[PDB]
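What follows is one structure encoded as structure tokens, with my remarks underneath.
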Amino acid sequence: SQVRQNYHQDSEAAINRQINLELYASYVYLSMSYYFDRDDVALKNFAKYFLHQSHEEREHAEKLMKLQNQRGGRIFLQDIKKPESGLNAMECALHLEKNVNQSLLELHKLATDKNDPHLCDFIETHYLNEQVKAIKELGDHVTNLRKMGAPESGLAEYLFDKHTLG
Amino acid sequence: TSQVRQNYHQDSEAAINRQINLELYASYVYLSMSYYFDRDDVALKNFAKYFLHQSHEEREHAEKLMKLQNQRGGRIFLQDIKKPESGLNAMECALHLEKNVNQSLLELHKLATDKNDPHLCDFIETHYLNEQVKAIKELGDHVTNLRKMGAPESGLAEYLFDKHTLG
Amino acid sequence: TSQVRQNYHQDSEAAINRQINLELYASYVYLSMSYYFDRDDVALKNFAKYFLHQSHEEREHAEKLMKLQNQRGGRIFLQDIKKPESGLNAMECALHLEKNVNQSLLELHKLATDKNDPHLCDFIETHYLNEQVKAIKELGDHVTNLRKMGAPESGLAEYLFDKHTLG
Amino acid sequence: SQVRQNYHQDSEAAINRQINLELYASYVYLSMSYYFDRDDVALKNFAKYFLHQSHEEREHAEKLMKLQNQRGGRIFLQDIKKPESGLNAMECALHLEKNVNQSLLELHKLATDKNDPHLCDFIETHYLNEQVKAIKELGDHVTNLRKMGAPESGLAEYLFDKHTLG
Amino acid sequence: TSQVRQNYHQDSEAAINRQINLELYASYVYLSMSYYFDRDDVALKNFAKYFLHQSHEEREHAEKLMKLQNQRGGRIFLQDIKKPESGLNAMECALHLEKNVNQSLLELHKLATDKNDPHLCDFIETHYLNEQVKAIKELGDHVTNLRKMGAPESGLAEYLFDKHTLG
Ligand SMILES: [Fe+3]
Ligand SMILES: [Fe+3]
Ligand SMILES: [Fe+3]
Ligand SMILES: [Fe+3]
Ligand SMILES: [Fe+3]
Ligand SMILES: [Fe+3]
Ligand SMILES: [Fe+3]
Ligand SMILES: [Fe+3]
Ligand SMILES: [Fe+3]
Ligand SMILES: [Fe+3]
């Protein structure tokens, strides 16, 4: 690639793996979103919240595909793997976002070891603080749903859906 | 016979008249439910407004079928409109009402299909079938939330639903 | 018995439920008349719009009585709504319909007077009695004009009236 | 009085008694309003609701004083007599409004017996339907507070204060 | 054969080419009618404007079918457009014209149904079948009013209709 400079093959491969994971996270959120749209669940603000999360993750993948091309790497796509209560879904989302953050931190370590400061600052600027805020927000939600009495209390999940996500 | 009548089978004409009576009946059921929740000893005013809007919507459904009857050169035949406890119970009654209306409309579409009346088929599809699907899904959502909130045993649940979903 | 009920006689409560049924019947009659003039073999579209507006007014008359029933602590009891030639003849049928409703309202007011229910008396006076007088005078004006123009023998007359008075 | 016409002495005296009762009702509502402003009760929308009721009743008395002068009667004022939970207060207000309505209906009967149609229509137009709506509204409130679990449930009274009176 | 063609039968392609010619014929008929009423010895200008607008609408019906032909990968085949007394008689000829176009469209839909072409079925339903129903009902309303007013013997009737209905 006529533009490639200081871009290690390990970083390129890791970006491609991270692209797959962000798309996977988007798929997970899409599944959760339409679960809460079911007539026997019917927490429509849970559904909207997860649908917005799904769209954010897809944007996270497209930005990495953009970065791959900017640095002269080559995008390699793989299959996107297929993905009970409002509290349980927030706990799965929290654990999902921590797995994505962990992957991003290992990516940043790789970029650091290969002395790629542009990639390091790109990850810091567009991904690391977003994950921290996403994880903190999901922790806030898990805490409130538990203190209110979820998942045994359906009233708690209804009122949270109205007052926090609505 | 009508100067405008074309490809309009007498069985369709009759079935449209029965569907008009059923839509008017549904409007009557919703009107009763609306003023039940306006009672001073029930007093769930957003349930009442919700059901009153459903009543007006069913009356519009009946009037559009009367319009269609005239458009196709059929003749309207009207019959008596038959006379029609908690917020959850009423939502369940409405859900069953909408599925009974839906079933009739699907039987109407099957008759129109069998008589090769594509205009009536698409008319029913465009103005009624998806309206019923959305109404049934919405009523299913309401029933689920009221159950999950603790209705009918919890009057608090029905109160908060009236405020946060129907209000 | 209601916590809000005060000075509201059982006879008045039953008479209001009967009046609700009559108002819904009148609405049904006007609805029937409206779509008759929408037929392709009658096709007097402003007659149709006029009677449809009357149909909706009668339904508001019934809902306001249902509201009053709840306000006073009575209990709504609904019954079957019974099923209902020229523009002149429809105006004449409407005139008699409104006079029969007026007569029922006047007997209702006499009942409220005899029960010393001044709130019900003023409710009937404010929302119904003058509305009936204006409807009856208007319908008499329409009948008179159609007759003088040469209806029902003159189809031209009914066409021009639809355009110049109801249009 | 140069303006007095068809205005019985019994009607004039009854209007003066009704003036006293409307002022009494205003005093009752003022007491209830500042009870819910107490720091150990603190239902501020209950307090605002009753304060508005207090101001309406005073207006009811001033309109009757106006009517007294319009018909050539003479206003005679008397002492205004001094007047636990949100539900109990609504029940006291409901019973208060029914006592005022009863007094107004006896007033109308008096006006009817004395063949005073102006007074009859004045009472019908400005007082009878207002009482019916006031009594119906208070009945709605009592019903909702009970179905929600008042007075044992303080949560019920808090949420009603926010969602109905707020 | 076309790179875009999918599930588009040869008989459907030919039938659409026949329908195109018929819509163009109908437009020519309305065009003839419009300028007849513009004649100095007929001189019903709103009849003339009404029929000219019908002529333009039929032309658009033909162009949308030509667009559909290209969309589905068919090939347009054009043929000669064949050459086409009172206001009432012209409305009656128009009514009969629209019923013949509707009949042709209904046979078109039966063919599309037989070929399992749901895109074509819904295209016909959405853009043609309900337009035909509305056009036929409107023309029947016009014929009925003209007859009731005393047309065609009454020249006064056709003038007033031209002013109050078409104007
Ligand atoms: Fe992400
Ligand atoms: Fe940095
Ligand atoms: Fe319906
Ligand atoms: Fe709330
Ligand atoms: Fe009425
Ligand atoms: Fe004129
Ligand atoms: Fe007062
Ligand atoms: Fe009066
Ligand atoms: Fe056409
Ligand atoms: Fe369709």
Side-chain angles (χ1 to χ4, degrees), chain B residues 11-36 51-52 54-59 61-70 74-78 80-84 93-94 96-105 107-108 111 128, chain C residues 14-39 48 51-52 54-59 61-66 69 75-78 80-84 89-90 93-94 96-101 103-105:
Chain B
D11 299 352
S12 308
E13 177 187 13
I16 287 286
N17 284 328
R18 290 183 316 265
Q19 189 69 33
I20 289 164
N21 186 261
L22 180 61
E23 302 284 350
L24 292 167
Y25 174 75
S27 176
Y28 208 10
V29 174
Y30 276 124
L31 173 64
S32 178
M33 285 182 176
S34 175
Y35 283 86
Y36 174 84
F51 289 140
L52 186 58
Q54 295 299 88
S55 176
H56 292 160
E57 156 165 316
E58 293 302 333
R59 163 84 190 248
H61 293 175
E63 292 189 24
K64 182 181 295 177
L65 286 168
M66 296 172 73
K67 191 73 174 188
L68 170 78
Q69 188 77 284
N70 284 346
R75 290 305 171 253
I76 296 169
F77 180 80
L78 300 167
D80 297 352
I81 308 171
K82 292 291 152 57
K83 66 119 81 214
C93 274
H96 281 295
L97 172 70
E98 299 277 0
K99 291 182 94 179
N100 284 345
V101 172
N102 199 31
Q103 187 71 36
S104 179
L105 285 162
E107 296 291 345
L108 182 55
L111 174 65
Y128 293 75
Chain C
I16 291 287
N17 285 330
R18 289 193 310 275
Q19 188 70 34
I20 289 164
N21 186 262
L22 178 61
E23 303 286 353
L24 291 169
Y25 174 75
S27 178
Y28 205 12
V29 171
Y30 276 125
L31 173 65
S32 180
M33 286 180 177
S34 174
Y35 284 73
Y36 177 83
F37 289 93
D38 181 64
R39 288 171 47 162
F51 287 137
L52 186 57
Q54 291 298 293
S55 179
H56 292 160
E57 267 207 333
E58 295 305 333
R59 156 80 179 251
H61 290 175
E63 292 190 24
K64 183 178 310 190
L65 282 166
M66 296 174 74
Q69 189 78 285
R75 289 305 172 253
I76 297 171
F77 180 78
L78 299 172
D80 297 353
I81 306 171
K82 294 298 163 193
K83 102 184 213 78
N89 291 326
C93 276
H96 295 95
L97 169 68
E98 301 277 3
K99 291 182 94 178
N100 285 342
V101 174
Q103 188 66 33
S104 182
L105 285 163

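Computed from heavy atoms alone, side chains included, the values below leave out hydrogens, waters and symmetry copies. Letters go in sequence order (proteins before strands), and every chain restarts at 1.
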May I ask you to test the B/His56-B/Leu52 pair for a side-chain heavy-atom distance under 4.5 Å? yes
Distance from B/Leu108 atom CG to B/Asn102 atom CG, nearest 0.5 Å? 11.5 Å
Tell me whether B/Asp80 contacts the main-chain N or O of C/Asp80 through its side chain, where contact means a donor paired with an acceptor under 3.5 Å. no
B/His61 vs B/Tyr128 aromatic rings, parallel, tilted or perpendicular, using cut-offs 30° and 60°? perpendicular
Main-chain N/O of C/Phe77 paired with C/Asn21 side-chain donor or acceptor, under 3.5 Å: no
Which heavy atom of C/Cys93 sits nearest to which heavy atom of C/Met33, and what is that distance? CB-CE, 3.4 Å
Does the side chain of C/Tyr30 reach to within under 4.5 Å of the side chain of C/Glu98, using non-hydrogen atoms? yes
Please name the pair of heavy atoms, one in C/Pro84 and one in C/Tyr28, separated by the smallest distance, quoted to 0.1 Å. CG-O, 3.6 Å
Rounded to the nearest 0.5 Å, how far apart are CD1 of C/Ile76 and CG of C/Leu65? 10.0 Å
B/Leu31 and B/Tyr35, any side-chain heavy atoms less than 4.5 Å apart: yes
Looking at CG of B/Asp11 and CG of B/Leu111, how far apart are the two atoms once the value is rounded to the nearest 0.5 Å? 5.5 Å
Given side chain to side chain contact (heavy atoms under 4.5 Å, CB included), test C/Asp38 with B/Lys67 step by step and report yes or no. CA-CA 8 Å; C/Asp38 181 64; B/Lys67 191 73 174 188; 3.0 Å; yes
Look only at the side chain of B/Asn17 and the backbone of B/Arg75, and say whether a donor-acceptor pair between them is shorter than 3.5 Å. yes
Between C/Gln19 and C/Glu23, do the side chains contain a donor N or O and an acceptor N or O under 3.5 Å apart? yes
Min side-chain heavy-atom separation C/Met66-C/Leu78 under 4.5 Å: yes
Considering all heavy atoms, the nearest B/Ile16-B/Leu68 contact: CD1-CD2, 4.0 Å
Output for pair (C/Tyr25 OH, C/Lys83 NZ), nearest 0.5 Å, gives 9.5 Å
side-chain hydrogen bond (donor to acceptor under 3.5 Å, both in side chains) against B/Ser32, all qualifying residues, sequence neighbours excluded: none
Looking only at the side chains, is there a donor atom on one of B/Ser55 and B/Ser27 sitting less than 3.5 Å from an acceptor on the other? yes
Can C/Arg59 and C/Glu63 be counted as an ion pair, charged N to O under 4.0 angstrom? yes
